[PDB]
Amino acid sequence: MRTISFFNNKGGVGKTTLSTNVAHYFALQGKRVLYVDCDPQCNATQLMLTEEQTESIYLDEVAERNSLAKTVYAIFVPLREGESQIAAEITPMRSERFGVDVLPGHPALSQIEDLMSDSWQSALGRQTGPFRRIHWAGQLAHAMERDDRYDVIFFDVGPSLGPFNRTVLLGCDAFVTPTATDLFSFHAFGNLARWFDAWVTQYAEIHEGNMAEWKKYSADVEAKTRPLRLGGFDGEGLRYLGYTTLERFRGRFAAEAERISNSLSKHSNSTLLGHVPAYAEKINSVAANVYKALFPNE
């Protein structure tokens with residue numbers, strides 16, 4: 001059970017199209033894929049699901065709160081109420097087009113972004129409670145892997161790079177970063193590398209400091225901590241798979257990409273998965289490279 005994600009500061013329509021296409025490809029390689037839309041904009045959601053399915057979730061008054069249970073917002077209800085365990089009981093929807101179950105998004109995730117910022121804050125203070133709450137990402141990945149419901153999970157994040165999106169990377173085993181190559185796009189991609197190095201180090205403390213604290217007040221801590229896939233599938237942490245372009249910076253990109261790769265784990269590769277402009281000729285190239293890196297074993 002692996003988790004991938006296509007993170008990016010710039011953010012846009014191309015990042016969400018690359019994501020969905022790669023997901024589709026993994027599906028073709030005979031793999032049960034789950035696509036979780038954690039973007040308030042719900043771009044990937046309103047793309048993989050038909051209007052039928054769409055107006056099916058966001059169908060007056062209190063009856064609207066029925067969508068909060070049919071989307072991804074659902075898994076957070078318990079965490080919001082104080083508890084420290086997501087709701088494994090999720091029910092995604094099949095995407096006929098892409099052939100991958102997708103967990104519909106919801107513009108109400110803006111409230112979950114506040115829940116994560118407050119959690120990440122307290123977690124800094126070595127508060128075991130919210131500490132294991134920022135691990136909701138891996139907590140979902142673990143519930144899936146355990147019930148053997150999916151082989152791969154795609155976490156589609158938004159442009160933001162605050163407390164929330166951070167907690168999404170914590171659930172990822174790897175991630176790619178699609179860029180644009182223009183001036184502003186690159187200037188942003190540069191600031192992105194700086195950001196990683198920053199929060200990854202902060203987390204490194206969050207982890208060490210919380211684990212040591214918990215451990216000194218319990219012995220079953222080694223088990224209560226299993227449900228939140230710490231470190232990923234191999235415990236080696238988040239891994240950088242490389243980047244993708246959508247010129248004058250041909251070097252500056254591959255240069256800053258290394259800073260990102262180095263900033264993270266050792267298994268981190270900083271190659272260039274390819275470019276994305278009958279057409280599936282280029283996308284196939286990327287999806288396939290992202291696949292070989294995620295599943296080196298034939």
# chains A, B, ... in the order shown; residues from 1 in each chain; ligands from 1

call {"tool": "residues_around", "arguments": {"residues": "residue A:81", "least_positions_apart": "6", "cutoff": "12 Å", "atoms": "only C-alpha atoms", "output": "MDAnalysis selection string"}}
result
chainID A and resid 74:75 87 112 115 133

call {"tool": "select_by_dssp", "arguments": {"residues": "stretch 72-278 of chain A", "states": "alpha helix (DSSP H)", "output": "ChimeraX atom specification"}}
result
/A:77-80,109-124,128-131,136-146,163-169,183-215,221-224,250-263

call {"tool": "residues_around", "arguments": {"residues": "residue A:130", "least_positions_apart": "5", "cutoff": "8 Å", "atoms": "only C-alpha atoms", "output": "JSON, numbers by chain"}}
result
{"A": [84, 119, 120, 122, 123]}

call {"tool": "residues_around", "arguments": {"residues": "residue A:190", "least_positions_apart": "6", "cutoff": "9 Å", "atoms": "only C-alpha atoms", "output": "PyMOL selection string"}}
result
chain A and resi 252-253+256-257

call {"tool": "write_last_selection", "arguments": {"atoms": "C-alpha atoms", "output": "PDB file, in the first residue's frame"}}
result
ATOM      1  CA  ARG A 252      18.123  26.316 -12.023  1.00  0.00           C
ATOM      2  CA  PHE A 253      15.218  23.862 -11.794  1.00  0.00           C
ATOM      3  CA  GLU A 256      16.784  23.533  -6.787  1.00  0.00           C
ATOM      4  CA  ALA A 257      15.157  20.118  -7.270  1.00  0.00           C
TER       5      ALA A 257
END

call {"tool": "residues_around", "arguments": {"residues": "residue A:37", "least_positions_apart": "5", "cutoff": "7 Å", "atoms": "only C-alpha atoms", "output": "PyMOL selection string"}}
result
chain A and resi 42+44-45+103-105+155-157

call {"tool": "atom_distance", "arguments": {"atom1": "atom CA of residue A:209", "atom2": "atom CA of residue A:117"}}
result
18.3 Å

call {"tool": "residues_around", "arguments": {"residues": "residue A:40", "least_positions_apart": "3", "cutoff": "8 Å", "atoms": "only C-alpha atoms", "output": "PyMOL selection string"}}
result
chain A and resi 105-110+158

call {"tool": "write_last_selection", "arguments": {"atoms": "N, CA and C atoms", "output": "short mmCIF file (atom, residue, chain, number, x, y, z; two decimals), in the first residue's frame"}}
result
data_model
loop_
_atom_site.label_atom_id
_atom_site.label_comp_id
_atom_site.auth_asym_id
_atom_site.auth_seq_id
_atom_site.Cartn_x
_atom_site.Cartn_y
_atom_site.Cartn_z
N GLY A 105 -14.44 15.71 -2.72
CA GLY A 105 -14.02 16.80 -1.86
C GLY A 105 -15.19 17.62 -1.35
N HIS A 106 -14.90 18.75 -0.71
CA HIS A 106 -15.93 19.62 -0.16
C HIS A 106 -15.32 20.97 0.23
N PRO A 107 -15.88 22.08 -0.29
CA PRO A 107 -15.37 23.42 0.01
C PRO A 107 -15.38 23.75 1.50
N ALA A 108 -15.89 22.82 2.30
CA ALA A 108 -15.94 23.01 3.75
C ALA A 108 -14.61 22.60 4.39
N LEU A 109 -13.66 22.10 3.59
CA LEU A 109 -12.37 21.71 4.13
C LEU A 109 -11.63 22.92 4.64
N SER A 110 -12.20 24.09 4.42
CA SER A 110 -11.59 25.31 4.89
C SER A 110 -11.58 25.25 6.41
N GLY A 158 -4.07 21.17 -2.61
CA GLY A 158 -4.29 22.45 -3.24
C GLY A 158 -3.01 23.25 -3.37
#

call {"tool": "closest_atom_pairs", "arguments": {"of": "stretch 232-252 of chain A", "to": "stretch 177-184 of chain A", "cutoff": "12 Å", "atoms": "only C-alpha atoms", "output": "JSON lines"}}
result
{"residue": "A:239", "atom": "CA", "partner": "A:177", "partner_atom": "CA", "distance": 11.8}
{"residue": "A:240", "atom": "CA", "partner": "A:177", "partner_atom": "CA", "distance": 8.6}
{"residue": "A:241", "atom": "CA", "partner": "A:177", "partner_atom": "CA", "distance": 8.3}
{"residue": "A:242", "atom": "CA", "partner": "A:177", "partner_atom": "CA", "distance": 6.6}
{"residue": "A:243", "atom": "CA", "partner": "A:177", "partner_atom": "CA", "distance": 4.6}
{"residue": "A:244", "atom": "CA", "partner": "A:178", "partner_atom": "CA", "distance": 4.4}
{"residue": "A:245", "atom": "CA", "partner": "A:179", "partner_atom": "CA", "distance": 5.0}
{"residue": "A:246", "atom": "CA", "partner": "A:180", "partner_atom": "CA", "distance": 4.6}
{"residue": "A:247", "atom": "CA", "partner": "A:181", "partner_atom": "CA", "distance": 6.5}
{"residue": "A:248", "atom": "CA", "partner": "A:181", "partner_atom": "CA", "distance": 8.0}
{"residue": "A:249", "atom": "CA", "partner": "A:181", "partner_atom": "CA", "distance": 7.0}
{"residue": "A:250", "atom": "CA", "partner": "A:181", "partner_atom": "CA", "distance": 8.0}
{"residue": "A:251", "atom": "CA", "partner": "A:181", "partner_atom": "CA", "distance": 10.8}
{"residue": "A:252", "atom": "CA", "partner": "A:181", "partner_atom": "CA", "distance": 9.9}

call {"tool": "write_last_selection", "arguments": {"atoms": "C-alpha atoms", "output": "short mmCIF file (atom, residue, chain, number, x, y, z; two decimals), in the first residue's frame"}}
result
data_model
loop_
_atom_site.label_atom_id
_atom_site.label_comp_id
_atom_site.auth_asym_id
_atom_site.auth_seq_id
_atom_site.Cartn_x
_atom_site.Cartn_y
_atom_site.Cartn_z
CA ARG A 239 10.43 10.47 -0.53
CA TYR A 240 10.92 12.90 -3.43
CA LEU A 241 10.30 11.31 -6.82
CA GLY A 242 11.39 14.30 -8.87
CA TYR A 243 9.69 16.97 -10.96
CA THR A 244 7.78 17.61 -14.19
CA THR A 245 7.56 20.66 -16.45
CA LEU A 246 4.49 22.13 -18.15
CA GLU A 247 13.92 26.58 -20.62
CA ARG A 248 15.97 29.62 -19.50
CA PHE A 249 16.08 27.91 -16.13
CA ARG A 250 16.75 24.35 -17.36
CA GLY A 251 19.57 24.25 -14.85
CA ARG A 252 18.12 26.32 -12.02
#

call {"tool": "closest_residue", "arguments": {"among": "A:72, A:278, A:62, A:18", "to": "residue A:6", "atoms": "only C-alpha atoms"}}
result
A:18

call {"tool": "atom_distance", "arguments": {"atom1": "atom CA of residue A:136", "atom2": "atom CA of residue A:167"}}
result
7.5 Å

call {"tool": "closest_residue", "arguments": {"among": "A:260, A:1, A:49, A:59", "to": "residue A:193", "atoms": "only C-alpha atoms"}}
result
A:260

call {"tool": "residues_around", "arguments": {"residues": "residue A:226", "least_positions_apart": "2", "cutoff": "12 Å", "atoms": "only C-alpha atoms", "output": "ChimeraX atom specification"}}
result
/A:132,135,138-139,141-143,146,220-224,228-233,235

call {"tool": "decode", "arguments": {"residues": "stretch 220-286 of chain A", "atoms": "C-alpha atoms", "output": "PDB file, in the first residue's frame"}}
result
ATOM      1  CA  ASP A 220       1.601   0.517  24.791  1.00  0.00           C
ATOM      2  CA  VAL A 221       2.728   3.609  22.882  1.00  0.00           C
ATOM      3  CA  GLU A 222       4.453   1.407  20.352  1.00  0.00           C
ATOM      4  CA  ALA A 223       1.073  -0.005  19.391  1.00  0.00           C
ATOM      5  CA  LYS A 224      -1.131   3.036  19.735  1.00  0.00           C
ATOM      6  CA  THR A 225       1.200   4.633  17.243  1.00  0.00           C
ATOM      7  CA  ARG A 226       0.952   1.927  14.601  1.00  0.00           C
ATOM      8  CA  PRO A 227      -2.348   3.116  13.054  1.00  0.00           C
ATOM      9  CA  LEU A 228      -0.710   6.379  11.975  1.00  0.00           C
ATOM     10  CA  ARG A 229       1.735   5.137   9.262  1.00  0.00           C
ATOM     11  CA  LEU A 230       4.738   6.864  10.762  1.00  0.00           C
ATOM     12  CA  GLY A 231       7.577   7.172   8.311  1.00  0.00           C
ATOM     13  CA  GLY A 232       5.483   5.707   5.518  1.00  0.00           C
ATOM     14  CA  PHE A 233       5.527   2.083   4.426  1.00  0.00           C
ATOM     15  CA  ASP A 234       9.185   1.539   5.216  1.00  0.00           C
ATOM     16  CA  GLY A 235       9.511   4.154   7.931  1.00  0.00           C
ATOM     17  CA  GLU A 236      12.043   5.963   5.760  1.00  0.00           C
ATOM     18  CA  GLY A 237       9.899   9.085   5.665  1.00  0.00           C
ATOM     19  CA  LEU A 238       8.646  11.161   2.786  1.00  0.00           C
ATOM     20  CA  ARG A 239      10.432  10.471  -0.526  1.00  0.00           C
ATOM     21  CA  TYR A 240      10.924  12.905  -3.433  1.00  0.00           C
ATOM     22  CA  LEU A 241      10.296  11.313  -6.817  1.00  0.00           C
ATOM     23  CA  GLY A 242      11.388  14.302  -8.873  1.00  0.00           C
ATOM     24  CA  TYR A 243       9.689  16.974 -10.959  1.00  0.00           C
ATOM     25  CA  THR A 244       7.785  17.608 -14.188  1.00  0.00           C
ATOM     26  CA  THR A 245       7.558  20.660 -16.452  1.00  0.00           C
ATOM     27  CA  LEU A 246       4.491  22.133 -18.148  1.00  0.00           C
ATOM     28  CA  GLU A 247      13.919  26.584 -20.617  1.00  0.00           C
ATOM     29  CA  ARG A 248      15.974  29.619 -19.502  1.00  0.00           C
ATOM     30  CA  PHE A 249      16.084  27.906 -16.129  1.00  0.00           C
ATOM     31  CA  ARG A 250      16.749  24.351 -17.364  1.00  0.00           C
ATOM     32  CA  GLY A 251      19.569  24.251 -14.845  1.00  0.00           C
ATOM     33  CA  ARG A 252      18.123  26.316 -12.023  1.00  0.00           C
ATOM     34  CA  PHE A 253      15.218  23.862 -11.794  1.00  0.00           C
ATOM     35  CA  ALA A 254      17.272  20.670 -11.720  1.00  0.00           C
ATOM     36  CA  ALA A 255      19.474  22.586  -9.295  1.00  0.00           C
ATOM     37  CA  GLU A 256      16.784  23.533  -6.787  1.00  0.00           C
ATOM     38  CA  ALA A 257      15.157  20.118  -7.270  1.00  0.00           C
ATOM     39  CA  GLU A 258      18.277  18.623  -5.671  1.00  0.00           C
ATOM     40  CA  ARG A 259      17.887  20.831  -2.605  1.00  0.00           C
ATOM     41  CA  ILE A 260      14.430  19.381  -2.192  1.00  0.00           C
ATOM     42  CA  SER A 261      15.592  15.805  -2.728  1.00  0.00           C
ATOM     43  CA  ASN A 262      18.493  16.277  -0.317  1.00  0.00           C
ATOM     44  CA  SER A 263      16.309  18.036   2.232  1.00  0.00           C
ATOM     45  CA  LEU A 264      14.172  14.887   2.475  1.00  0.00           C
ATOM     46  CA  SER A 265      14.995  11.198   2.669  1.00  0.00           C
ATOM     47  CA  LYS A 266      17.916   9.354   1.150  1.00  0.00           C
ATOM     48  CA  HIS A 267      15.739   7.195  -1.126  1.00  0.00           C
ATOM     49  CA  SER A 268      14.786  10.564  -2.635  1.00  0.00           C
ATOM     50  CA  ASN A 269      15.442  10.758  -6.352  1.00  0.00           C
ATOM     51  CA  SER A 270      15.697  14.184  -7.990  1.00  0.00           C
ATOM     52  CA  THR A 271      15.416  13.166 -11.607  1.00  0.00           C
ATOM     53  CA  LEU A 272      13.064  14.671 -14.140  1.00  0.00           C
ATOM     54  CA  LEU A 273      10.073  12.472 -14.870  1.00  0.00           C
ATOM     55  CA  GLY A 274       9.330  14.323 -18.117  1.00  0.00           C
ATOM     56  CA  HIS A 275       7.326  17.068 -19.849  1.00  0.00           C
ATOM     57  CA  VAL A 276       3.614  17.541 -20.379  1.00  0.00           C
ATOM     58  CA  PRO A 277       2.219  19.789 -23.157  1.00  0.00           C
ATOM     59  CA  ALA A 278      -1.956  12.308 -30.395  1.00  0.00           C
ATOM     60  CA  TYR A 279      -1.146  13.557 -26.868  1.00  0.00           C
ATOM     61  CA  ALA A 280      -1.059  10.586 -24.463  1.00  0.00           C
ATOM     62  CA  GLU A 281       2.441  10.048 -25.832  1.00  0.00           C
ATOM     63  CA  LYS A 282       3.916  12.465 -23.274  1.00  0.00           C
ATOM     64  CA  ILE A 283       1.606  11.717 -20.347  1.00  0.00           C
ATOM     65  CA  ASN A 284       2.276   8.009 -20.757  1.00  0.00           C
ATOM     66  CA  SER A 285       5.975   8.801 -20.454  1.00  0.00           C
ATOM     67  CA  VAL A 286       5.410  10.519 -17.089  1.00  0.00           C
TER      68      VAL A 286
END
